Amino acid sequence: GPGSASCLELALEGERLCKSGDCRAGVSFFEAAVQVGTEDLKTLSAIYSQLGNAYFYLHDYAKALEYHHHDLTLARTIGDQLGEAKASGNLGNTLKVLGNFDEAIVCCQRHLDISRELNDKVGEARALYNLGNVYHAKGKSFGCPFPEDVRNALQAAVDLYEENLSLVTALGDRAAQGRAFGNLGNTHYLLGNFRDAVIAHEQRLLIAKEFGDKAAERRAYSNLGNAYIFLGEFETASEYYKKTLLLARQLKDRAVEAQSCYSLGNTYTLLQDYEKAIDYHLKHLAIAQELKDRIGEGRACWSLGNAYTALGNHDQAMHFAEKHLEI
């Protein structure tokens, strides 16, 4: 009665608050809305779906799984083909993060299949990107970052992302393109198709620069740096690694300053400028002191000592070694 009205109102404050960067409050409003309760089952189910998504973004995958599973069940109750496909996708993506790869696959496939039956091309592209991500995580998860199931999972992600790119091109979805170019690039990378990794990551660059997505932009320079190292072109990687270090400064991200610092530190180890590693790995040990990742200070000390052993300063290297001995 008066509740089926205060429920939806309470949902909107939950909804609004999550687009505004505060899901931690919006959840409380979603949870409040559920306490009150409506009797329109598509409305309650939609609240479950948003509780699920809000907990996803907040990193409570456990309670996220629980809410998407509820929304899915209601969808089957109600017979809402389209609700069921979206809840299947969300279950899928949640299970993927939990490492329930095999069930992730079935759920994303259910999302895709219904999307296709309905001739929903937006749903089909989203379902395709989700299925790709599952295969991609499945293969990335195996071992250290041999088994033929790895190659086969990764190859399956390549086909899925390429299928997705083809659909979101046709739909004009520049942001979807960038996301598929990045995951596709990183998949080609793990397969040893480095020439194809560069091609995809250059598309992600362009689209990130276009949107002004300055986090994505450095993301691609770094990923580009990775791929040139394995290509053996260490000077290009250095070029790309520096570019990442700059965007880290303006972003005021002392973290990716360091990761970019250590990595171009390690890159010139292959180029004999042990100073660039020194000058960087000291910025590494400094910022890692700031964030208590001093663990890497020993990694910097282990790399700095070994640049030193090729290049003098034996007493400074033993001091680095002495600190590395700290753990």
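Numbers for residues come from their place in the sequence shown, where the first is 1.
query = If you count the residues of the deposited sequence that sit between residue 145 and residue 146 but have no coordinates, do you get none, 1 to 3, 4 to 9, or 10 or more?
reply = In the deposited sequence, 4 to 9 residues between these two have no coordinates.
ask   = Should the higher mean CA B-factor in the entry be assigned to 196-204 or to 230-238?
value = On average, C-alpha B-factors are higher across 230-238.
task = Identify the stretch, either 220-228 or 103-111, whose C-alpha atoms have the larger mean B-factor according to the entry.
result = On average, C-alpha B-factors are higher across 220-228.
task = Quick one: which of 60, 31, 39, 290 shows the highest Cα temperature factor in the PDB entry?
result = It is 290.
ask   = Quick one: which of 35, 267, 53, 43 has the biggest Cα B-factor according to the entry?
value = Highest CA B-factor of the listed options: 267.
message = Using the temperature factors of the C-alpha atoms in this entry, rank residue 249 within its chain: lowest, middle or highest third.
response = Highest third - that is where residue 249 ends up once the chain's C-alpha B-factors are sorted.
task = For residue 120, return the chain-relative third of its C-alpha B-factor as stated in the PDB record: lowest, middle or highest.
result = Its C-alpha B-factor belongs to the middle third of this chain's values.
key: Chain-wide C-alpha B factor ranking for residue 150, given as lowest, middle or highest third   = Tercile = middle for this residue's CA B-factor.
task = Taking the chain's C-alpha temperature factors as the reference, tell me which third residue 74 falls into: lowest, middle or highest.
result = Middle third of the chain for residue 74's C-alpha B-factor.
ask   = Where does residue 215 sit by CA temperature factor within its chain: lowest, middle or highest third?
value = Middle third, going by the recorded CA B-factors of the chain.
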